[PDB]
Protein chains: 2
Amino acid sequence: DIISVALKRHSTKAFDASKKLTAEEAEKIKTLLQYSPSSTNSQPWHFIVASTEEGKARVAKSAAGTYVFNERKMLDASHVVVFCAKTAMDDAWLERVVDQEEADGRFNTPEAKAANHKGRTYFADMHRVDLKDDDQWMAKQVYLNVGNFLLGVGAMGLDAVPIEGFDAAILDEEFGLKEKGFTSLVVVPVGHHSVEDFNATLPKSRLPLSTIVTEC
Amino acid sequence: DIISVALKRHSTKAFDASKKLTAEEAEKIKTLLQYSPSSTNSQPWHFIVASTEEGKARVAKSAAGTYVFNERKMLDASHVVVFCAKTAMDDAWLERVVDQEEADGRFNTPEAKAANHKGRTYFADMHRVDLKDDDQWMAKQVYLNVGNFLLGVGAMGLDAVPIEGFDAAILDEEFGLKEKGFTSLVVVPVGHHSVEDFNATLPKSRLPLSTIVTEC
Ligand SMILES: Cc1cc2nc3c(=O)[nH]c(=O)nc-3n(C[C@H](O)[C@H](O)[C@H](O)COP(=O)(O)O)c2cc1C
Ligand SMILES: Cc1cc2nc3c(=O)[nH]c(=O)nc-3n(C[C@H](O)[C@H](O)[C@H](O)COP(=O)(O)O)c2cc1C
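Residues numbered from 1 in each chain as written, not as in the entry; some residues may be left out. Chains lettered and ligands numbered in written order. Heavy atoms only, no water.

Method information in the entry identifies X-ray crystallography as the source of the structure, with 1.8 Å recorded as the resolution.

The name recorded for chain A in the PDB entry is OXYGEN-INSENSITIVE NAD(P)H NITROREDUCTASE, from Enterobacter cloacae. The deposited entry bears the title "Structure of Nitroreductase from E. cloacae Complex with Inhibitor Acetate". A UniProt comment under Cofactor is attached to chain A, and it reads "FMN". A UniProt comment under Subunit is attached to chain A, and it reads "Homodimer." (UniProt positions renumbered as here; feature names shortened; annotations may be inferred.)

1. Here we look at the relation of the copies chain B and chain A
Between chain B and chain A, the superposition needs a rotation of 180° and an axial shift of 0.1 Å, giving an RMSD of 0.4 Å. Taken together, the rotation and translation relating the two chain copies correspond to the operation of a two-fold axis. Here 97% of the contact residues of chain B are again contact residues in chain A; the copies associate through an equivalent surface. (Least-squares fit on C-alpha atoms. Contact = heavy atoms within 4.5 Å.)

2. Here's the deal with the UniProt feature "binding site: FMN" in chain A
Residues and elements named next belong to chain A. According to UniProt, the feature "binding site: FMN" maps to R9, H10, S11, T12, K13, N70, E164, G165, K204, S205 and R206 in the numbering used here. Judged by maximum C-alpha separation, these annotated positions cover 198 residues in sequence and are scattered in space, the widest gap reaching 22.9 Å. In this structure, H10 sits in the loop between helix 1 (2-8) and helix 2 (23-34). Non-local contacts of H10, meaning those with residues more than four positions away in its chain, are made with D159, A160, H193, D197, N199, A200 and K204. Excluding its chain neighbours within four sequence positions, the residues that come into contact with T12 are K73, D159, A160, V161, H193 and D197. (Helix = DSSP H or I, 4+ residues; strand = E, 2+ residues; numbered from the N terminus.)

3. With respect to the nonpolar core
Core analysis: the biggest nonpolar cluster contains 83 residues, and A:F83, A:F149, B:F83 and B:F149 have the highest contact counts within it. Ignoring sequence-local partners within four residues, the contact set of B:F149 consists of B:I29, B:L32, B:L33, B:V81, B:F83, B:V188 and B:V190. (Core = buried A, V, L, I, M, F, W, Y, C linked by side-chain atoms within 4.5 Å. Buried < 20%, exposed > 50% of the residue type's maximum accessible area, 1.4 Å probe, protein only.)

4. A few points about the pairing of strand 4 (residues 182-191) of chain A
Residue and element names in this part refer to chain A. Taken across its 10 residues, strand 4 has nine buried, putting it largely inside the fold. With eight bridges connecting them, strand 2 (residues 79-86) and strand 4 associate as antiparallel partners. Directly across from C84, in strand 4, lies its bridge partner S184. In the sheet, strand 3 (residues 159-160) pairs with strand 4 via two bridges, with the strands oriented antiparallel. Its bridge partner being in strand 4, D159 is matched across the sheet by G191. (Pairing = 2+ DSSP bridges.)

5. Quick notes on the interface of chain B and chain A
By a frequent convention, interface size equals the accessible area lost on bringing the separate parts together. Taken residue by residue, the interface counts 74 residues in chain B and 74 residues in chain A. For the pair chain B and chain A, the two sides together bury roughly 7000 Å², of which 61% comes from carbon and sulfur. Among the residues of chain B in contact with chain A, B:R206, B:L207 and B:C216 are the three that bury the most area, contributing 11% of the side total. Applying the counting rule to chain B against chain A returns three salt bridges. As paired elements, strand 1 (residues 45-50) of chain A and strand 5 (residues 213-215) of chain B share three bridges and run parallel to each other. Counted as the bridge partner of A:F47 is B:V213 from strand 5 of chain B. (Buried area = accessible area lost by both parts, 1.4 Å probe. Salt bridge = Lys/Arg side-chain N within 4 Å of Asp/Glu carboxyl O.)

6. Focus: the packing of aromatic side chains
On inspection of all chains with the given rule, the structure shows 11 aromatic pairs over all chains. Here the aromatic rings of A:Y122 and B:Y67 are separated by 6.2 Å at their centres, their planes lie at 85°, and the arrangement is edge-to-face. One end of the pair, A:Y122, is in helix 6 (residues 110-130); the other, B:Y67, is in the loop between helix 3 (53-60) and helix 4 (71-76), on a second chain. Residues B:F83 and B:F149 carry aromatic rings whose centres are separated by 5.5 Å and whose planes lie at 65° to one another, so their mutual orientation is edge-to-face. Here B:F83, found in strand 2 (residues 79-86), pairs with B:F149, found in helix 7 (residues 134-155); they are 66 residues apart in sequence, far enough to count as distant. For B:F149, a relative accessible area of 0% translates into the label buried. Among the aromatic residues, those joined into a cluster by ring pairs are A:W45, A:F47, A:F83 and A:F149. (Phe/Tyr/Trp six-rings, centres within 6.5 Å; stacked < 30°, edge-to-face > 60°.)

Shown next as C-alpha coordinates:
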(Lines give C-alpha, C1' and ligand atoms only; values in the text may rest on other atoms or scores of the structure.)
(Ligands and ions follow the chains in the order given, each with its own letter.)
Protein backbone atom coordinates (compact mmCIF):
# COMPACT_ATOMS: atom_id res chain seq x y z
CA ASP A 1 0.00 0.00 0.00
CA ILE A 2 1.42 3.37 -1.05
CA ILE A 3 -0.19 5.11 1.94
CA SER A 4 1.59 2.69 4.29
CA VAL A 5 4.79 3.70 2.51
CA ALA A 6 4.01 7.39 3.02
CA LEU A 7 3.29 6.77 6.70
CA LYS A 8 6.44 4.69 7.22
CA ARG A 9 9.20 6.27 5.10
CA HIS A 10 11.45 8.63 7.05
CA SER A 11 14.49 10.87 6.64
CA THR A 12 17.44 8.59 7.42
CA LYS A 13 19.96 10.10 9.84
CA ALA A 14 22.47 7.24 9.71
CA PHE A 15 23.19 4.72 6.96
CA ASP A 16 24.71 1.25 7.14
CA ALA A 17 27.77 1.85 4.94
CA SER A 18 28.07 -1.85 4.09
CA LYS A 19 24.70 -2.06 2.35
CA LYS A 20 24.72 -1.22 -1.35
CA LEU A 21 21.87 -0.99 -3.82
CA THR A 22 21.64 -4.07 -6.02
CA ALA A 23 22.41 -3.66 -9.72
CA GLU A 24 18.69 -3.65 -10.48
CA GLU A 25 17.86 -1.08 -7.78
CA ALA A 26 20.64 1.15 -9.10
CA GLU A 27 19.05 1.02 -12.54
CA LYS A 28 15.60 1.62 -11.05
CA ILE A 29 16.43 4.80 -9.13
CA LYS A 30 17.76 6.28 -12.38
CA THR A 31 14.45 5.43 -14.07
CA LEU A 32 12.62 7.29 -11.28
CA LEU A 33 14.73 10.40 -11.85
CA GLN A 34 14.19 10.22 -15.60
CA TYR A 35 10.42 9.65 -15.65
CA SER A 36 9.26 12.28 -13.19
CA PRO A 37 6.70 14.58 -14.80
CA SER A 38 7.37 18.32 -15.23
CA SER A 39 5.62 21.37 -16.69
CA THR A 40 5.45 20.88 -20.49
CA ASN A 41 7.73 17.87 -19.98
CA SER A 42 10.51 20.46 -19.83
CA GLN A 43 12.73 18.10 -17.77
CA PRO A 44 14.95 21.11 -16.86
CA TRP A 45 17.33 18.95 -14.90
CA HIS A 46 20.50 16.95 -14.50
CA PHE A 47 21.48 14.41 -11.89
CA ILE A 48 24.80 13.37 -10.47
CA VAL A 49 24.60 9.82 -9.14
CA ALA A 50 27.64 9.16 -6.96
CA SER A 51 28.27 5.60 -5.82
CA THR A 52 32.08 5.35 -5.66
CA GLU A 53 33.97 6.35 -2.52
CA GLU A 54 35.74 9.23 -4.26
CA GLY A 55 32.53 10.31 -5.96
CA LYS A 56 30.62 10.45 -2.68
CA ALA A 57 33.56 12.11 -0.94
CA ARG A 58 33.53 14.81 -3.62
CA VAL A 59 29.84 15.50 -3.01
CA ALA A 60 30.47 15.41 0.74
CA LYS A 61 32.87 18.33 0.32
CA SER A 62 29.71 20.45 0.21
CA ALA A 63 28.85 19.43 3.77
CA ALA A 64 31.26 22.01 5.17
CA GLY A 65 30.90 24.48 8.02
CA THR A 66 27.76 23.95 10.08
CA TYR A 67 26.56 21.52 7.40
CA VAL A 68 28.99 18.91 8.72
CA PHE A 69 26.04 17.22 10.43
CA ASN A 70 25.12 15.97 6.93
CA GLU A 71 28.58 14.73 5.92
CA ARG A 72 28.27 11.15 7.17
CA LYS A 73 24.94 10.65 5.36
CA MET A 74 26.64 11.48 2.07
CA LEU A 75 29.66 9.30 2.84
CA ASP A 76 27.87 6.22 4.21
CA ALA A 77 24.95 5.96 1.79
CA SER A 78 25.19 3.60 -1.18
CA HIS A 79 24.25 6.08 -3.90
CA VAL A 80 24.12 9.86 -3.51
CA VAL A 81 21.96 11.81 -5.98
CA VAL A 82 22.58 15.48 -6.56
CA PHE A 83 19.44 17.07 -8.06
CA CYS A 84 20.36 19.93 -10.39
CA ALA A 85 18.29 22.48 -12.29
CA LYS A 86 19.23 24.22 -15.54
CA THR A 87 20.27 27.83 -14.95
CA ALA A 88 18.48 29.14 -18.05
CA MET A 89 15.93 27.66 -20.45
CA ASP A 90 17.42 27.65 -23.95
CA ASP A 91 15.59 27.01 -27.22
CA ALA A 92 17.92 24.11 -27.92
CA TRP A 93 16.56 22.29 -24.89
CA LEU A 94 12.95 23.10 -25.79
CA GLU A 95 13.45 21.70 -29.30
CA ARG A 96 15.13 18.69 -27.72
CA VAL A 97 12.00 17.90 -25.73
CA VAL A 98 9.59 18.10 -28.66
CA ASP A 99 11.94 16.23 -30.99
CA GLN A 100 12.26 13.44 -28.44
CA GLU A 101 8.47 13.25 -28.05
CA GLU A 102 8.17 13.10 -31.83
CA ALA A 103 10.84 10.40 -31.94
CA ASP A 104 8.86 8.54 -29.25
CA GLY A 105 5.72 8.60 -31.40
CA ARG A 106 3.61 11.00 -29.37
CA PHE A 107 2.45 12.92 -32.46
CA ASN A 108 0.02 11.28 -34.90
CA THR A 109 -0.03 14.36 -37.13
CA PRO A 110 2.20 17.40 -37.79
CA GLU A 111 -0.54 19.55 -36.24
CA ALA A 112 -0.23 17.51 -33.05
CA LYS A 113 3.50 18.32 -32.86
CA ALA A 114 2.93 22.00 -33.64
CA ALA A 115 0.31 22.33 -30.89
CA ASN A 116 2.75 20.78 -28.41
CA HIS A 117 5.55 23.10 -29.50
CA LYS A 118 3.24 26.12 -29.29
CA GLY A 119 2.15 25.19 -25.80
CA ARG A 120 5.69 24.68 -24.52
CA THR A 121 6.84 27.95 -26.09
CA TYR A 122 3.98 29.76 -24.34
CA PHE A 123 5.05 28.60 -20.89
CA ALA A 124 8.77 28.87 -21.59
CA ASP A 125 8.47 32.47 -22.80
CA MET A 126 6.08 33.43 -20.01
CA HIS A 127 8.89 32.60 -17.58
CA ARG A 128 11.95 33.56 -19.65
CA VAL A 129 10.51 36.88 -20.84
CA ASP A 130 7.31 38.03 -19.13
CA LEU A 131 8.23 37.06 -15.57
CA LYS A 132 12.00 36.63 -15.94
CA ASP A 133 11.85 33.73 -13.47
CA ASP A 134 12.63 30.62 -15.50
CA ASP A 135 15.41 29.82 -13.03
CA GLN A 136 12.84 29.57 -10.23
CA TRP A 137 10.31 27.78 -12.46
CA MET A 138 12.81 25.07 -13.40
CA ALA A 139 14.02 24.63 -9.82
CA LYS A 140 10.39 24.03 -8.85
CA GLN A 141 10.22 21.23 -11.42
CA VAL A 142 13.35 19.76 -9.83
CA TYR A 143 11.79 19.81 -6.36
CA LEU A 144 8.75 18.04 -7.80
CA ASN A 145 11.19 15.42 -9.12
CA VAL A 146 12.61 15.11 -5.59
CA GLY A 147 9.14 14.52 -4.15
CA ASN A 148 8.51 11.82 -6.75
CA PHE A 149 11.91 10.28 -5.99
CA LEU A 150 11.58 10.15 -2.19
CA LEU A 151 8.27 8.29 -2.30
CA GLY A 152 9.56 6.06 -5.09
CA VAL A 153 12.70 4.90 -3.32
CA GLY A 154 10.54 4.50 -0.24
CA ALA A 155 8.19 2.22 -2.17
CA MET A 156 11.25 0.24 -3.30
CA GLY A 157 12.11 -0.44 0.33
CA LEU A 158 15.14 1.85 0.15
CA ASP A 159 16.05 4.49 2.71
CA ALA A 160 17.05 8.06 1.94
CA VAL A 161 17.22 11.59 3.23
CA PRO A 162 16.62 14.81 1.28
CA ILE A 163 19.30 17.41 2.01
CA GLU A 164 19.23 21.21 1.70
CA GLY A 165 21.95 21.42 4.32
CA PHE A 166 24.89 21.72 1.93
CA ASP A 167 26.94 24.43 0.22
CA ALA A 168 25.73 24.52 -3.39
CA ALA A 169 28.45 26.98 -4.40
CA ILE A 170 31.01 24.43 -3.24
CA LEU A 171 29.18 21.51 -4.86
CA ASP A 172 28.75 23.44 -8.12
CA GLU A 173 32.45 24.26 -8.34
CA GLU A 174 33.44 20.71 -7.43
CA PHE A 175 31.54 19.25 -10.39
CA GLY A 176 31.90 22.24 -12.72
CA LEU A 177 28.13 22.59 -12.99
CA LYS A 178 27.99 26.34 -13.69
CA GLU A 179 29.91 25.91 -16.95
CA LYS A 180 27.60 23.04 -17.90
CA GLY A 181 24.51 25.18 -17.31
CA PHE A 182 23.33 23.58 -14.06
CA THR A 183 23.25 24.34 -10.34
CA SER A 184 22.77 21.93 -7.42
CA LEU A 185 19.62 22.19 -5.30
CA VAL A 186 19.06 19.02 -3.29
CA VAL A 187 21.34 16.13 -2.35
CA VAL A 188 19.70 12.78 -1.67
CA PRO A 189 21.72 9.93 -0.16
CA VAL A 190 20.03 6.55 -0.76
CA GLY A 191 20.67 3.19 0.87
CA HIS A 192 19.70 1.32 4.02
CA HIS A 193 19.43 2.86 7.48
CA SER A 194 21.49 1.47 10.33
CA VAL A 195 20.05 0.58 13.73
CA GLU A 196 21.82 3.74 14.91
CA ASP A 197 19.38 5.88 12.89
CA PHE A 198 17.44 7.48 15.74
CA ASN A 199 14.85 8.85 13.34
CA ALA A 200 13.88 5.36 12.16
CA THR A 201 11.82 4.80 15.32
CA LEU A 202 10.55 8.29 16.18
CA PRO A 203 6.90 8.82 15.25
CA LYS A 204 6.24 10.97 12.20
CA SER A 205 4.79 14.40 12.93
CA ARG A 206 2.58 16.62 10.78
CA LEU A 207 0.13 19.41 11.56
CA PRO A 208 -3.56 18.36 11.67
CA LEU A 209 -5.72 18.15 8.55
CA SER A 210 -8.16 20.61 10.13
CA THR A 211 -5.38 23.19 9.74
CA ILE A 212 -3.79 22.37 6.37
CA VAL A 213 -6.88 21.31 4.40
CA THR A 214 -9.99 23.20 3.31
CA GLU A 215 -12.74 21.11 1.72
CA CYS A 216 -15.27 22.62 -0.69
CA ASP B 1 6.10 -2.31 -8.56
CA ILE B 2 6.62 1.43 -8.13
CA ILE B 3 8.77 1.62 -11.26
CA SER B 4 5.93 0.19 -13.36
CA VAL B 5 3.73 2.88 -11.84
CA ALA B 6 6.22 5.59 -12.85
CA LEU B 7 6.32 4.19 -16.37
CA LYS B 8 2.52 4.01 -16.54
CA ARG B 9 1.01 6.97 -14.66
CA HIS B 10 0.16 9.84 -17.03
CA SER B 11 -1.26 13.33 -17.14
CA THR B 12 -4.97 12.70 -17.61
CA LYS B 13 -6.47 14.85 -20.37
CA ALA B 14 -10.09 13.83 -19.76
CA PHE B 15 -11.96 12.55 -16.71
CA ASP B 16 -15.09 10.44 -16.50
CA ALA B 17 -17.48 12.82 -14.72
CA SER B 18 -19.45 9.91 -13.26
CA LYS B 19 -16.59 8.16 -11.46
CA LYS B 20 -15.93 9.52 -7.98
CA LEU B 21 -13.32 8.53 -5.43
CA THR B 22 -14.56 6.25 -2.65
CA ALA B 23 -14.73 7.67 0.86
CA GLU B 24 -11.59 5.70 1.64
CA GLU B 25 -9.70 7.04 -1.38
CA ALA B 26 -10.72 10.56 -0.43
CA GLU B 27 -9.22 10.08 3.03
CA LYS B 28 -6.06 8.59 1.54
CA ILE B 29 -5.31 11.42 -0.89
CA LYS B 30 -5.55 13.85 2.03
CA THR B 31 -3.11 11.71 4.00
CA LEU B 32 -0.68 11.93 1.06
CA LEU B 33 -0.92 15.72 1.12
CA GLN B 34 -0.37 15.88 4.87
CA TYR B 35 2.57 13.47 5.15
CA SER B 36 4.81 14.78 2.39
CA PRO B 37 8.26 15.66 3.76
CA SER B 38 9.56 19.26 3.68
CA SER B 39 12.70 21.20 4.64
CA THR B 40 12.79 21.24 8.48
CA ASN B 41 9.28 19.73 8.35
CA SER B 42 8.18 23.34 7.79
CA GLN B 43 4.99 22.20 5.99
CA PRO B 44 4.62 25.73 4.48
CA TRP B 45 1.40 24.78 2.77
CA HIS B 46 -2.39 24.65 2.59
CA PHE B 47 -4.62 22.56 0.35
CA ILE B 48 -8.05 23.23 -1.07
CA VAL B 49 -9.82 19.99 -1.91
CA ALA B 50 -12.94 20.68 -3.96
CA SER B 51 -15.25 17.70 -4.41
CA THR B 52 -18.64 19.35 -4.90
CA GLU B 53 -19.82 20.77 -8.21
CA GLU B 54 -19.91 24.27 -6.74
CA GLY B 55 -16.43 23.86 -5.28
CA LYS B 56 -14.89 22.75 -8.55
CA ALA B 57 -16.68 25.56 -10.36
CA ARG B 58 -15.02 28.09 -8.04
CA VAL B 59 -11.60 26.63 -8.74
CA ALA B 60 -12.38 26.46 -12.47
CA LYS B 61 -12.74 30.25 -12.44
CA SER B 62 -8.96 30.22 -12.73
CA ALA B 63 -9.14 28.33 -16.02
CA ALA B 64 -9.95 31.59 -17.78
CA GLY B 65 -9.31 32.76 -21.32
CA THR B 66 -5.81 31.55 -22.13
CA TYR B 67 -6.27 28.62 -19.77
CA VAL B 68 -9.81 27.66 -20.77
CA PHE B 69 -8.38 24.45 -22.25
CA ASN B 70 -7.87 23.19 -18.69
CA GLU B 71 -11.39 23.99 -17.49
CA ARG B 72 -12.99 20.62 -18.24
CA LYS B 73 -10.30 18.72 -16.33
CA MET B 74 -11.17 20.79 -13.25
CA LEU B 75 -14.91 20.34 -13.71
CA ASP B 76 -15.10 16.64 -14.65
CA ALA B 77 -12.68 15.24 -12.06
CA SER B 78 -13.92 13.79 -8.77
CA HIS B 79 -11.64 15.77 -6.44
CA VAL B 80 -9.59 18.85 -7.34
CA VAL B 81 -6.61 19.73 -5.16
CA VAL B 82 -5.20 23.26 -5.16
CA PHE B 83 -1.64 23.25 -3.79
CA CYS B 84 -0.91 26.49 -1.91
CA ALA B 85 2.29 27.82 -0.37
CA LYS B 86 2.72 30.31 2.46
CA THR B 87 3.60 33.79 1.17
CA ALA B 88 5.94 34.49 4.10
CA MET B 89 7.43 32.35 6.87
CA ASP B 90 6.21 33.77 10.19
CA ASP B 91 7.49 32.71 13.61
CA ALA B 92 3.96 31.67 14.55
CA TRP B 93 4.03 28.81 12.02
CA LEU B 94 7.54 27.67 13.01
CA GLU B 95 6.26 27.46 16.57
CA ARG B 96 3.30 25.34 15.46
CA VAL B 97 5.59 22.84 13.75
CA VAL B 98 7.89 22.33 16.73
CA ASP B 99 5.01 22.17 19.22
CA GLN B 100 3.30 19.51 17.10
CA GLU B 101 6.52 17.50 16.93
CA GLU B 102 6.73 17.61 20.73
CA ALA B 103 3.10 16.55 21.08
CA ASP B 104 3.85 13.68 18.72
CA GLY B 105 6.69 12.58 21.00
CA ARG B 106 9.71 13.38 18.83
CA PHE B 107 11.74 14.91 21.68
CA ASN B 108 13.31 13.14 24.66
CA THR B 109 14.21 16.34 26.55
CA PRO B 110 13.22 20.01 26.55
CA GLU B 111 16.77 20.73 25.43
CA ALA B 112 16.13 18.49 22.42
CA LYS B 113 13.10 20.54 21.41
CA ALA B 114 15.05 23.79 21.75
CA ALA B 115 17.84 22.38 19.59
CA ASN B 116 15.30 21.41 16.95
CA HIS B 117 13.73 24.87 17.17
CA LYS B 118 17.06 26.70 16.85
CA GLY B 119 17.99 24.60 13.84
CA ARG B 120 14.72 25.29 12.07
CA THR B 121 15.08 28.98 12.89
CA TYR B 122 18.53 28.96 11.28
CA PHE B 123 17.25 27.68 7.95
CA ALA B 124 14.19 29.90 8.18
CA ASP B 125 16.26 33.05 8.73
CA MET B 126 18.72 32.06 6.02
CA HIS B 127 15.81 32.51 3.61
CA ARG B 128 13.78 35.21 5.38
CA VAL B 129 16.69 37.44 6.35
CA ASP B 130 19.80 36.64 4.32
CA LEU B 131 18.57 35.44 0.93
CA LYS B 132 15.17 37.15 1.13
CA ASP B 133 13.61 34.24 -0.75
CA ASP B 134 11.51 32.44 1.85
CA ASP B 135 8.61 32.79 -0.58
CA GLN B 136 10.42 30.75 -3.24
CA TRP B 137 11.86 28.38 -0.65
CA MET B 138 8.37 27.46 0.54
CA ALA B 139 6.97 27.22 -2.98
CA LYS B 140 9.67 24.63 -3.66
CA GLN B 141 8.48 22.54 -0.70
CA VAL B 142 5.00 22.64 -2.21
CA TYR B 143 6.19 21.38 -5.59
CA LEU B 144 7.99 18.56 -3.77
CA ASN B 145 4.62 17.76 -2.18
CA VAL B 146 3.08 17.78 -5.67
CA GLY B 147 5.71 15.30 -6.84
CA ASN B 148 5.02 13.02 -3.89
CA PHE B 149 1.29 13.35 -4.55
CA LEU B 150 1.27 12.47 -8.26
CA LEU B 151 3.23 9.25 -7.78
CA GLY B 152 1.08 8.40 -4.77
CA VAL B 153 -2.27 8.72 -6.54
CA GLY B 154 -0.74 6.87 -9.47
CA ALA B 155 0.23 4.10 -7.06
CA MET B 156 -3.41 4.12 -5.88
CA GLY B 157 -4.57 3.29 -9.39
CA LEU B 158 -6.08 6.76 -9.63
CA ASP B 159 -5.68 9.26 -12.46
CA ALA B 160 -4.68 12.89 -12.11
CA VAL B 161 -3.06 15.75 -13.96
CA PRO B 162 -0.87 18.54 -12.56
CA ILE B 163 -1.93 21.99 -13.81
CA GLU B 164 0.17 25.15 -13.99
CA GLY B 165 -2.10 26.46 -16.72
CA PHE B 166 -4.44 28.51 -14.53
CA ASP B 167 -4.65 32.12 -13.33
CA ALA B 168 -3.41 32.15 -9.72
CA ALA B 169 -4.43 35.77 -9.16
CA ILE B 170 -8.00 34.76 -9.96
CA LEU B 171 -7.78 31.62 -7.86
CA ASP B 172 -6.20 33.51 -4.95
CA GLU B 173 -8.96 36.12 -5.04
CA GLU B 174 -11.72 33.49 -5.23
CA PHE B 175 -10.53 31.76 -2.05
CA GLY B 176 -9.14 34.82 -0.27
CA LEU B 177 -5.73 33.19 0.02
CA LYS B 178 -3.85 36.49 0.08
CA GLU B 179 -5.53 37.39 3.37
CA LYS B 180 -4.84 33.92 4.77
CA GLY B 181 -1.17 34.25 3.84
CA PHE B 182 -1.23 31.73 0.99
CA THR B 183 -0.96 31.70 -2.80
CA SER B 184 -2.02 29.03 -5.32
CA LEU B 185 0.74 27.20 -7.20
CA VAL B 186 -0.58 24.01 -8.79
CA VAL B 187 -4.05 22.57 -9.39
CA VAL B 188 -4.36 18.78 -9.48
CA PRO B 189 -7.65 17.20 -10.58
CA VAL B 190 -7.95 13.59 -9.41
CA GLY B 191 -10.32 10.86 -10.56
CA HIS B 192 -10.65 8.30 -13.34
CA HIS B 193 -9.80 9.07 -16.96
CA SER B 194 -12.49 8.56 -19.60
CA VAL B 195 -12.17 6.38 -22.70
CA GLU B 196 -11.54 9.63 -24.60
CA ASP B 197 -8.37 10.38 -22.62
CA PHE B 198 -5.99 9.72 -25.52
CA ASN B 199 -2.92 10.52 -23.42
CA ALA B 200 -3.59 7.30 -21.53
CA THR B 201 -2.40 5.35 -24.56
CA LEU B 202 0.37 7.56 -25.97
CA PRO B 203 3.90 6.36 -25.09
CA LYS B 204 5.77 8.26 -22.37
CA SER B 205 8.66 10.42 -23.52
CA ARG B 206 11.77 11.52 -21.65
CA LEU B 207 15.27 12.48 -22.73
CA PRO B 208 17.90 9.70 -22.47
CA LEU B 209 19.90 8.89 -19.34
CA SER B 210 23.10 9.59 -21.26
CA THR B 211 21.99 13.23 -21.26
CA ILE B 212 20.36 13.71 -17.84
CA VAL B 213 22.54 11.48 -15.63
CA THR B 214 26.23 11.61 -14.69
CA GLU B 215 27.50 8.65 -12.66
CA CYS B 216 30.49 9.13 -10.35
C1 LIG C 1 14.05 19.89 0.50
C2 LIG C 1 14.32 19.20 1.84
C3 LIG C 1 15.52 19.44 2.46
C4 LIG C 1 15.90 18.82 3.70
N5 LIG C 1 17.13 18.92 4.33
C6 LIG C 1 17.65 18.22 5.33
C7 LIG C 1 19.09 18.24 5.78
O8 LIG C 1 19.87 19.06 5.31
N9 LIG C 1 19.48 17.30 6.71
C10 LIG C 1 18.61 16.35 7.29
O11 LIG C 1 19.04 15.51 8.10
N12 LIG C 1 17.29 16.40 6.89
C13 LIG C 1 16.79 17.25 5.98
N14 LIG C 1 15.47 17.26 5.55
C15 LIG C 1 14.57 16.28 6.28
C16 LIG C 1 13.43 17.01 7.05
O17 LIG C 1 13.84 17.37 8.34
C18 LIG C 1 12.24 15.98 6.97
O19 LIG C 1 11.80 15.70 5.60
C20 LIG C 1 10.99 16.28 7.84
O21 LIG C 1 11.36 16.55 9.21
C22 LIG C 1 9.85 15.26 7.88
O23 LIG C 1 10.34 14.01 8.33
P24 LIG C 1 10.36 12.77 7.27
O25 LIG C 1 11.16 13.04 6.08
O26 LIG C 1 10.97 11.64 8.15
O27 LIG C 1 9.00 12.41 6.89
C28 LIG C 1 14.97 17.89 4.33
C29 LIG C 1 13.72 17.69 3.65
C30 LIG C 1 13.36 18.30 2.43
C31 LIG C 1 12.03 17.86 1.92
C1 LIG D 1 4.06 21.54 -12.55
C2 LIG D 1 3.38 20.91 -13.75
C3 LIG D 1 2.43 21.65 -14.45
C4 LIG D 1 1.70 21.11 -15.57
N5 LIG D 1 0.65 21.70 -16.24
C6 LIG D 1 -0.20 21.21 -17.14
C7 LIG D 1 -1.45 21.90 -17.64
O8 LIG D 1 -1.68 23.05 -17.32
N9 LIG D 1 -2.29 21.17 -18.47
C10 LIG D 1 -2.04 19.84 -18.88
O11 LIG D 1 -2.85 19.26 -19.61
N12 LIG D 1 -0.86 19.26 -18.42
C13 LIG D 1 0.03 19.86 -17.61
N14 LIG D 1 1.19 19.26 -17.13
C15 LIG D 1 1.45 17.87 -17.66
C16 LIG D 1 2.79 17.84 -18.45
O17 LIG D 1 2.58 18.22 -19.78
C18 LIG D 1 3.30 16.36 -18.20
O19 LIG D 1 3.58 16.09 -16.79
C20 LIG D 1 4.50 15.89 -19.03
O21 LIG D 1 4.31 16.16 -20.44
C22 LIG D 1 4.97 14.44 -18.91
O23 LIG D 1 3.89 13.56 -19.17
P24 LIG D 1 3.31 12.65 -17.95
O25 LIG D 1 2.89 13.42 -16.79
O26 LIG D 1 2.12 11.93 -18.67
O27 LIG D 1 4.30 11.65 -17.56
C28 LIG D 1 1.98 19.75 -16.00
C29 LIG D 1 2.98 19.03 -15.24
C30 LIG D 1 3.66 19.55 -14.14
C31 LIG D 1 4.57 18.54 -13.49
